[PDB]
Amino acid sequence: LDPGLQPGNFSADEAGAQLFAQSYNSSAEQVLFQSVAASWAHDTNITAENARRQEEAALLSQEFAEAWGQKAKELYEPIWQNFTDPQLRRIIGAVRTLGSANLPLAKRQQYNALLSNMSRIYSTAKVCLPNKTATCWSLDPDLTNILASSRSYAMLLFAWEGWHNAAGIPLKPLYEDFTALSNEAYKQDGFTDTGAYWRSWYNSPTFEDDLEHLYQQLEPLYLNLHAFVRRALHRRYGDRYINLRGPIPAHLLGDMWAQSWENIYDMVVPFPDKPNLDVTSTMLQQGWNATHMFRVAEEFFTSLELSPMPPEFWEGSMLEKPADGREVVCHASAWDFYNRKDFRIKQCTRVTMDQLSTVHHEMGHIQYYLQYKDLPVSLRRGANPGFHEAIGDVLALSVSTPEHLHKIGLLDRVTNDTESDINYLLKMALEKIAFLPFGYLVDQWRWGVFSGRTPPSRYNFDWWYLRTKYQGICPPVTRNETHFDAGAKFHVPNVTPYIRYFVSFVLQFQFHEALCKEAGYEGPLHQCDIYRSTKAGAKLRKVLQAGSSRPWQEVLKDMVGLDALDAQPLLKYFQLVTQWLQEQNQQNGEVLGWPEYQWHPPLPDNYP
Ligand SMILES: *[C@@H]1O[C@H](CO[C@@H]2O[C@@H](C)[C@@H](O)[C@@H](O)[C@@H]2O)[C@@H](O[C@@H]2O[C@H](CO)[C@@H](O[C@@H]3O[C@H](CO[C@H]4O[C@H](CO)[C@@H](O)[C@H](O)[C@@H]4O[C@@H]4O[C@H](CO)[C@@H](O)[C@H](O)[C@H]4NC(C)=O)[C@@H](O)[C@H](O[C@H]4O[C@H](CO)[C@@H](O)[C@H](O)[C@@H]4O)[C@@H]3O)[C@H](O)[C@H]2NC(C)=O)[C@H](O)[C@H]1NC(C)=O
Ligand SMILES: *[C@@H]1O[C@H](CO)[C@@H](O[C@@H]2O[C@H](CO)[C@@H](O[C@@H]3O[C@H](CO[C@H]4O[C@H](CO)[C@@H](O)[C@H](O)[C@@H]4O[C@@H]4O[C@H](CO)[C@@H](O)[C@H](O)[C@H]4NC(C)=O)[C@@H](O)[C@H](O)[C@@H]3O)[C@H](O)[C@H]2NC(C)=O)[C@H](O)[C@H]1NC(C)=O
Ligand SMILES: *[C@@H]1O[C@H](CO)[C@@H](O[C@@H]2O[C@H](CO)[C@@H](O[C@@H]3O[C@H](CO)[C@@H](O)[C@H](O[C@H]4O[C@H](CO)[C@@H](O)[C@H](O)[C@@H]4O)[C@@H]3O)[C@H](O)[C@H]2NC(C)=O)[C@H](O)[C@H]1NC(C)=O
Ligand SMILES: *[C@@H]1O[C@H](CO)[C@@H](O[C@@H]2O[C@H](CO)[C@@H](O[C@@H]3O[C@H](CO)[C@@H](O)[C@H](O)[C@@H]3O)[C@H](O)[C@H]2NC(C)=O)[C@H](O)[C@H]1NC(C)=O
Ligand SMILES: *[C@@H]1O[C@H](CO)[C@@H](O[C@@H]2O[C@H](CO)[C@@H](O[C@@H]3O[C@H](CO)[C@@H](O)[C@H](O)[C@@H]3O)[C@H](O)[C@H]2NC(C)=O)[C@H](O)[C@H]1NC(C)=O
Ligand SMILES: *[C@@H]1O[C@H](CO)[C@@H](O[C@@H]2O[C@H](CO)[C@@H](O[C@@H]3O[C@H](CO)[C@@H](O)[C@H](O)[C@@H]3O)[C@H](O)[C@H]2NC(C)=O)[C@H](O)[C@H]1NC(C)=O
Ligand SMILES: *[C@@H]1O[C@H](CO)[C@@H](O[C@@H]2O[C@H](CO)[C@@H](O)[C@H](O)[C@H]2NC(C)=O)[C@H](O)[C@H]1NC(C)=O
Ligand SMILES: *[C@@H]1O[C@H](CO)[C@@H](O)[C@H](O)[C@H]1NC(C)=O
Ligand SMILES: [Zn+2]
């Protein structure tokens, strides 16, 4: 520990704690920058040297969070709740959280080693065909691509069976040990369990109830969608393997976790005679290039009179693919270095209509970072953890439209045909609405484990209960408590909350509606754009400047006017497809929901 990074002495006063907050701030951006710089380099190009620098940076960060966290508890754990500023209470409350650093070394060294071991066995999971094969598969590319692409039911089944079997089972013992150790650490931090810690972020005493009220508002839309898809699969696979009343076999939905079904959009799409618009042909013809695209993205924000990207951003960012042959993580990401001056993007840009949209949300994050850089570092995070991605997405929504592309000049004429825009809303529904029930059930399920209400003998039972209850899916081959299908997801062994994403996808439209309402727009909400609309920016800026200083429920209210989440705006956005599906279901006599829930298909005749 460098002494300039090691805390000093502070009194039990607020007057002291204000000085503690100030000292933590000044040290914090000096450590976090050094940490993120290393992590930036390692990700900007892989080298074992940079991986080492990445590893050392990780340790240096934790060592810093520890050295300060321990004193924050020692001096202010008896007090912090008392302090007059809600901003300061947030500052100290964050520092005062220690997480795993509560565990004594013996447990601590098991804990880290245990968490790493889960990620290893998941990331390095494998499935092998039932021969003396030279070669096995892995989740990507082999499994993701066969599962999405092929539709011979047996082959599709085996791929799903192998994965949840191989990925889950060897996790089963580890995940229990994680659960015990996880809760024990937070107990000392001040939470009943890890689950009550995660819910602490949303600072809402009624949080879990709020979700069910939201989800109940979605269920008519989701059931409408689910019931529609279910019929389509019946056309494809046969009466033996689908029940037009029952739930859907989990592996037919084109995705290993059935969390988003878009790979059956090719099978289901409405109005097969219409195209789906691709503006790439203009963009290449215009001589658009990656470097230019961001200037369009910046144009948008400048058009809202949000802040332009500072010169440092253009000096630093890796907008283009590198000139070297060096290996790089191409997946696009946006970075804030807590050093106030320089913000950074990595995009690996390929000039296509899709990545044009993608750049806009990635720059959206940068605009978000730019606005709250003025806060003390402890607060420089989204108003709540799903709130940051929402401000990212509302931007991509607007520009994805044909309407905005015409103001970009990339589109020649607007073509207001509902058959086309239904195609667009429906694919987006198969992407994101299918995700809401899944995103909801996981963190209910994990809260069930962390609260203990799902003891280890029920890990798998409570999972499939939650799947059929919410997502309308059931397992394709009988699954029993030797298995552990909850582990087969990325976010579970990586102990990463999904609930942020669900909160975000609701805040997304709850903003978009409140912006389009403010931008003077009227008409079909998916045809709104806010570009050039200074009225939207000045209100949006008020959200971004707040960062996390001000409780999100108060900030959301200042933007939208509602003290809480609501899915009515989301239903407004999807309204056109909502109507269309209701017609199509009513025409087919399709039974919304899934009675005969106690059904799942027989096995293929010679399996395998
Ligand atoms: C990615 O795309 C970027 C943008 O490309 C341009 O725009 C897009 C939409 C497409 O249409 C592209 O085809 C198009 O090229 C590229 O940056 C641009 O690169 C080109 C070529 O390298 C640049 O063109 C050259 O610019 C010189 C400077 O011209 C400006 O400055 C003069 C003073 O030096 C001034 O007198 C001019 O009026 C001009 O001012 C610009 O005005 C327009 C509006 O009228 C603004 O939009 C600009 O921002 C203004 N820029 C400034 C600095 O004020 C010219 O001297 C030069 O002409 C000479 O060279 C050409 C060959 O290049 C000869 O053919 C010609 O006869 C003459 O001798 C030429 O115009 C362009 O300026 C760059 N953009 C900017 C903003 O500077 C990226 O390089 C590209 N990257 C990749 C990898 O593709
Ligand atoms: C969390 O902790 C950070 C870091 O300690 C605090 O930032 C510092 O806050 C103070 C108060 O706002 C700020 O002082 C003001 O800075 C303005 C710019 O001052 C710069 O120029 C003068 C000369 O004109 C220098 O004397 C200063 O040291 C500054 O120097 C420049 O700083 C930038 C930014 O880091 C750096 O990139 C440049 O390299 C450097 N210049 C050169 C030539 O190298 C003044 O206009 C103003 O009047 C005040 O002096 C101080 O500069 C901040 N430092 C940094 C590193 O950010 C945060 O305030 C704190 N958080 C909160 C919420 O308070
Ligand atoms: C990924 O990005 C990083 C940052 O841009 C980039 O880092 C550089 O990589 C090169 C090798 O490709 C490093 O060069 C050597 O590093 C070794 C130690 O690992 C040194 O022994 C070498 O010393 C000589 O060179 C020095 C100047 O670099 C001289 O001052 C010295 O006297 C010796 O003559 C040499 O430094 C370089 O150090 C790193 N730098 C950093 C900051 O990482 C890396 O190249 C990129 N990846 C790829 C594949 O290009
Ligand atoms: C932060 O506050 C602490 C506690 O008020 C200060 O700690 C004290 O620091 C002095 C030196 O400034 C230490 O002196 C040592 O005392 C022992 C005898 O106990 C002697 O054998 C050593 O040779 C040395 O003189 C003292 O131990 C230490 N005491 C405590 C309780 O921490 C500290 O000075 C303050 N920080 C700063 C930067 O001033
Ligand atoms: C994380 O997983 C790894 C791998 O399962 C665990 O490391 C393994 O630990 C065992 C002993 O605990 C090692 O087996 C022993 O090896 C020695 C020879 O080194 C042998 O004499 C013993 O009879 C026994 O076979 C095993 O080699 C070791 N593997 C690796 C790769 O290190 C680790 O303990 C797990 N940690 C947690 C927290 O789960
Ligand atoms: C939960 O369901 C699984 C199947 O999905 C059951 O596990 C299976 O049980 C049978 C009977 O023991 C195993 O067959 C045996 O395999 C061994 C080779 O491993 C072979 O030598 C025997 O002759 C016999 O064929 C089968 O392999 C096994 N599968 C797995 C993946 O373990 C399990 O019994 C069910 N849970 C409970 C509590 O019964
Ligand atoms: C910190 O907590 C204490 C205890 O809840 C508060 O002290 C009490 O304050 C009320 C009025 O605010 C008095 O009627 C009590 O007599 C006080 N009790 C004691 C033991 O002093 C204190 O006000 C809180 N501080 C803040 C800033 O809210
Ligand atoms: C598209 O045409 C319909 C015609 O009824 C109209 O109601 C709708 O508002 C048009 N789109 C926009 C963005 O105005
Ligand atoms: Zn994002």
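Residues numbered from 1 in each chain as written, not as in the entry; some residues may be left out. Chains lettered and ligands numbered in written order. Heavy atoms only, no water.

## Describing the overall build of the protein
Turning to step 1, where the next piece is worked out: Looking only at helices and strands, the protein features 24 helices and four strands.
Turning to step 2, where the next piece is worked out: Taken against the 2.2 N^0.38 rule, which gives 25 Å for 608 residues, the C-alpha radius of gyration of the protein at 25 Å falls within 12% of a compact globule.
Turning to step 3, where the next piece is worked out: By its C-alpha atoms, the protein is 75 × 60 × 50 Å across when sized along the principal axes.
Turning to step 4, where the next piece is worked out: In the protein, which comprises 608 residues, the proportion classed as buried is 54%.
Turning to step 5, where the next piece is worked out: For the protein, restricting intrachain contacts to residue pairs at least 6 apart in sequence, the fraction spanning at least 24 positions comes to 78%.
Turning to step 6, where the next piece is worked out: Carbon and sulfur atoms make up 48% of the accessible area of the protein, which amounts to about 26,900 Å² in all.
Turning to step 7, where the next piece is worked out: The centroid of the 55 positive side-chain charges in the protein is displaced by 1 Å from the centroid of its 69 negative side-chain charges. (Helix = DSSP H or I, 4+ residues; strand = E, 2+ residues; numbered from the N terminus. Rg over C-alpha atoms; globule rule 2.2 N^0.38 Å. Buried < 20%, exposed > 50% of the residue type's maximum accessible area, 1.4 Å probe, protein only. Contact = heavy atoms within 4.5 Å. Areas by Shrake-Rupley, 256 points an atom, 1.4 Å probe, with all protein chains shown as cover. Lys, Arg positive; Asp, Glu negative; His and termini not counted. Charge placed at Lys NZ, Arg CZ, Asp CG, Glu CD.)

## A look at the environment of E518
Turning to step 1, where the next piece is worked out: Residue position: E518 is located in helix α20 (residues 499-518).
Turning to step 2, where the next piece is worked out: If we ignore the near neighbours within four places in the chain, the residues touching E518 are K535 and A536.

## So, the state of the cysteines
Turning to step 1, where the next piece is worked out: Under the definition given, this model contains three disulfides.
Turning to step 2, where the next piece is worked out: There is a disulfide in this structure between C128 and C136, and the S-S distance comes to 2.0 Å. Across the S-S bond of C128 and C136 the torsion is about 95°, and the bridge reads as right-handed.
Turning to step 3, where the next piece is worked out: The disulfide partner of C516 is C528, and the S-S distance across this bridge is 2.0 Å. Across the disulfide from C516 to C528, rotation about the S-S bond amounts to roughly -100°, and the bridge is consequently left-handed. (Disulfide = S-S within 2.5 Å.)

## As for α20
Turning to step 1, where the next piece is worked out: Taking 1.5 Å per residue, 20 residues should reach 28 Å; α20 reaches 28 Å between its end C-alpha atoms and fits that length.
Turning to step 2, where the next piece is worked out: Looking one or two residues beyond α20, the residue adopting positive phi is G520, at roughly 70°. (Expected span 1.5 Å × (residues − 1).)

## Looking at the coordination of the zinc ion (ligand 9)
Tetrahedral coordination by four donors sets the ideal angle at the metal to 109.5 degrees; octahedral coordination by six donors sets it to 90 or 180 degrees.
Turning to step 1, where the next piece is worked out: All of the protein donors around the zinc ion (ligand 9) are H365 (NE2), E389 (OE) and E389 (OE); their distances to the metal are 1.9 to 2.3 Å. Of this pair, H365 sits in helix α14 (residues 353-372) while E389 sits in helix α15 (residues 387-400); the two residues are 24 residues apart in sequence, bridging distant segments of the chain.
Turning to step 2, where the next piece is worked out: What makes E389 partly exposed here is its relative accessible area of 38%. (Donors = N, O, S within 2.8 Å, 3.2 Å for Na, K, Ca; no water.)

## Looking at helix α19 (residues 459-471)
Residues three or four positions apart in an α-helix share a direction because the helix packs 3.6 residues into each turn.
Turning to step 1, where the next piece is worked out: The end-to-end C-alpha separation of α19 is 17 Å, in line with the 18 Å expected for 13 residues at 1.5 Å each.
Turning to step 2, where the next piece is worked out: Counting buried positions along α19 gives 10 out of 13 residues, so the element sits mostly inside the fold.
Turning to step 3, where the next piece is worked out: After α19 finishes, the residue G472 shows a positive phi value of roughly 75°.

## Observations concerning the environment of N50
Turning to step 1, where the next piece is worked out: Tracing the backbone shows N50 in helix α2 (residues 48-76).
Turning to step 2, where the next piece is worked out: Linking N50 and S39, residues 11 residues apart in sequence, is a C-alpha distance of 8.1 Å.

## So, the packing of helix α7 (residues 171-189) against helix α18 (residues 435-450)
Turning to step 1, where the next piece is worked out: Across the interface, α7 lies against α18 with an axial gap of 10 Å and an inter-helix angle of 70°. Taken together, the axes of α7 and α18 are roughly perpendicular relative to one another. Across the interface between the two elements, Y175, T179 and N183 from α7 touch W445, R446, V449 and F450 from α18.
Turning to step 2, where the next piece is worked out: Looking at side-chain class alone, the contact of α7 with α18 contains four nonpolar, two polar and one charged residues. (Axes fitted to C-alpha atoms, helices over the stretch in contact; angles between N-to-C directions. Parallel < 35°, antiparallel > 145°, perpendicular 65-115°, else oblique. Nonpolar A, V, L, I, M, F, W, Y, C, P; charged D, E, K, R; others polar.)

## Some details on the site of ligand 3
Turning to step 1, where the next piece is worked out: All residues adjacent to ligand 3 are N45, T47, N50 and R326.
Turning to step 2, where the next piece is worked out: Contact between ligand 3 and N45: an oxygen atom at 2.3 Å from a side-chain N or O atom of the residue.
Turning to step 3, where the next piece is worked out: A total of 890 Å² of accessible area belongs to ligand 3 in isolation, and the protein chains cover 21% of it.
Turning to step 4, where the next piece is worked out: By residue class, the composition of the shell around ligand 3 is no nonpolar, three polar and one charged. (Near = heavy atom within 4 Å. Polar contact = N/O pair within 3.5 Å; in protein donor to acceptor, adjacent residues only side chain to side chain.)

## What to know about the UniProt feature "disulfide bond" in the protein
Turning to step 1, where the next piece is worked out: Between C128 and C136, where UniProt places a disulfide, the sulfurs come within 2.0 Å of each other, which fits a bond.
Turning to step 2, where the next piece is worked out: The sulfur atoms of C330 and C348, a pair UniProt annotates as disulfide-bonded, sit 2.0 Å apart here, close enough for the bond to be present. A residue pair is termed long-range when its members are at least 10 positions apart, and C330 in the loop between α13 (311-316) and β2 (333-336) and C348 in the loop between β3 (343-346) and α14 qualify at 18 residues. (UniProt positions renumbered as here; feature names shortened; annotations may be inferred.)

## Focus: the domain arrangement of the protein
Many descriptions give the size of an interface as the accessible area lost when the pieces come together.
Turning to step 1, where the next piece is worked out: Per the domain assignment, the segments making up the protein are domain 1 (3-97), domain 2 (104-257 + 432-532 + 542-601) and domain 3 (289-406).
Turning to step 2, where the next piece is worked out: If you look at the interface, domain 1 gives seven residues, while domain 2 gives nine residues.
Turning to step 3, where the next piece is worked out: In total, about 680 Å² of surface goes out of reach between domain 1 and domain 2, with carbon and sulfur atoms giving 27% of it.
Turning to step 4, where the next piece is worked out: Summed over the shared surface of domain 1 and domain 2, the number is two salt bridges. (Domains from an automatic or database assignment. Buried area = accessible area lost by both parts, 1.4 Å probe. Salt bridge = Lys/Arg side-chain N within 4 Å of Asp/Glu carboxyl O.)

## Side note on the pairing of β2
Turning to step 1, where the next piece is worked out: Pairing of β2 with β3 involves four bridges; the strand directions are antiparallel. In the strand pairing of β3, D336 is matched with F343.
Turning to step 2, where the next piece is worked out: Linking two consecutive strands that pair antiparallel, namely β2 and β3, is a turn of six residues. (Pairing = 2+ DSSP bridges.)

## Here's the deal with the site of ligand 2
Turning to step 1, where the next piece is worked out: The environment of ligand 2 is made up of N25, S26, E29, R340, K341, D374, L375 and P376.
Turning to step 2, where the next piece is worked out: A distance of 3.1 Å separates an oxygen atom of ligand 2 from a polar side-chain atom of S26.
Turning to step 3, where the next piece is worked out: Isolated, ligand 2 exposes 1,100 Å² of accessible area, and the fraction of that covered by the protein chains is 26%.
Turning to step 4, where the next piece is worked out: Each residue belonging to the shell around ligand 2 can be placed in one class, and the counts come to two nonpolar, two polar and four charged.
Turning to step 5, where the next piece is worked out: Counting contributing residues per domain, the shell around ligand 2 is built from domain 1 (3-97) and domain 3 (289-406), each supplying no fewer than three.

## What about the layout of surface pockets?
Turning to step 1, where the next piece is worked out: Considering only enclosed or pocket space, the second largest pocket measures out at about 430 Å³ in volume.
Turning to step 2, where the next piece is worked out: In terms of lining residues, the second largest pocket is bounded by 17 residues, among which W464, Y465, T468, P475 and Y597 are the most central.
Turning to step 3, where the next piece is worked out: Broken down by element, the lining of the second largest pocket gets its largest block of residues, six residues, from α19.
Turning to step 4, where the next piece is worked out: Across the lining of the second largest pocket, the residue classes tally to eight nonpolar, six polar and three charged. (1 Å grid on protein atoms, 1.4 Å probe; cavity = no way out; pocket = protein on both sides within 12 Å on 5 of 7 lines; lining within 4 Å. Points joined across faces, edges and corners; volume = space filled by probe spheres on them.)

## Overview of the nonpolar core
Turning to step 1, where the next piece is worked out: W163, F387, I433, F511 and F574 are the most contacted members of the largest nonpolar core, which totals 185 residues.
Turning to step 2, where the next piece is worked out: Residues in contact with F574, not counting those within four places in the same chain, are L221, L425, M428, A429, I433, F505 and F509.
Turning to step 3, where the next piece is worked out: By size, the runner-up hydrophobic cluster in this structure holds seven residues, among which are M318, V328, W335 and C348. (Core = buried A, V, L, I, M, F, W, Y, C linked by side-chain atoms within 4.5 Å.)

## Remarks on the packing of helix α4 (residues 105-123) against α7
Turning to step 1, where the next piece is worked out: Contact pair α4 / α7: the axes reach a minimum separation of 10 Å and the direction vectors enclose 140°. Compared by their axis directions, α4 and α7 come out oblique. In the crossing of α4 with α7, the sense of the turn from one axis to the other is left-handed. On the side of α4, the interface is formed by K107, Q110, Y111, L114, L115, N117, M118 and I121, while α7 contributes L171, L174, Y175, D177, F178, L181, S182 and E184. (Left-handed = near helix turned anticlockwise from the far one by under 90°.)

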